[PDB]
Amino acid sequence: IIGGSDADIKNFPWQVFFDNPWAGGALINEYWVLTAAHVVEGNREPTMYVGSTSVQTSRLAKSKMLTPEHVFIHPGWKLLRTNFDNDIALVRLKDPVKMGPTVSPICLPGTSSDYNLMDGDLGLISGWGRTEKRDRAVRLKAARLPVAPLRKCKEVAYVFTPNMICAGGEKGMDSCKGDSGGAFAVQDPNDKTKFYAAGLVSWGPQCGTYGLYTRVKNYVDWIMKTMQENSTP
């Protein structure tokens, strides 16, 4: 996160830390983590941590580690010159995550038009990715971003689809390398005490301006179907 501020894991208790490669995810219930397809593509058994503000090697060894059972990549990922459409994946966990003050899931978008992001909407991004100071952040960073017209992400060869949200532009705040898979947390218009995952950090130009996020609303049916089809008996 560039241009951001210190954040406690309690501010983003759904934030998952992926290591090797360095990335993020979003806990969406006790057995499932949401992230970007390109994060787990050749990383089918990802190292995951939750519940900690810091990712210092010393602190990781004392943190809750999540045990992956199976990674489900979206069928449209790399199906069809760079094209990052359907950059979304689900990690099923072996064990149920215990929820508490530092660990709890984020909501999914609803299917109604109330969850169609457009001009006026705002989101939070969070992660341990590159900042202005270093290529990786040891303590969690976060920033508030506005949704932006897609036209502004494509300036200064690449495929921009309606499955992508453009955001940023204000005060240089943006997500950078190391933030992929992290949730673009947006206030739920029907329950304003709750946040939901409207987007996942995916890709974009060199960070500091705008970026593209996987529009989660278009995958809710696939996410629901995958979770139901891979139940917990």
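Just count from 1 along the sequence shown to find any residue number.
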**Study point:** Deposited-sequence gap flanked by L80 and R81
**Key:** 4 to 9
Study note, to complete from the structure: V156 to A157: deposited residues not modelled, binned count -> 10 or more
Practice item. Would you tell me which stretch averages the higher CA B-factor in the PDB entry, 207-215 or 9-17? Key: 207-215
Review point. For the C-alpha atoms alone, is the average B factor greater in 114-122 or in 101-109, going by the entry?
Key: 114-122
Check your understanding: Which of these has the highest Cα B-factor in the record: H74, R134, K141, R92?
Key -> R134
Revision key, fill the gap. Top Cα B-factor in this entry, restricted to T57, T35, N43, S52, sits on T57
Check your understanding: Hey, what third does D191 fall into on Cα B-factor, ranked over its chain?
Key -> highest
Exercise for review: Among all modelled residues of this chain, ranked by Cα B factor, put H70 in the bottom, middle or top third, i.e. lowest, middle or highest.
Suggested key: lowest
Practice item. Please place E170 in the lowest, middle or highest third of its chain by C-alpha B factor as given in the entry. Key: highest
**Study point:** Third of the chain's Cα B-factor distribution that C176 belongs to, per the entry
**Key:** middle
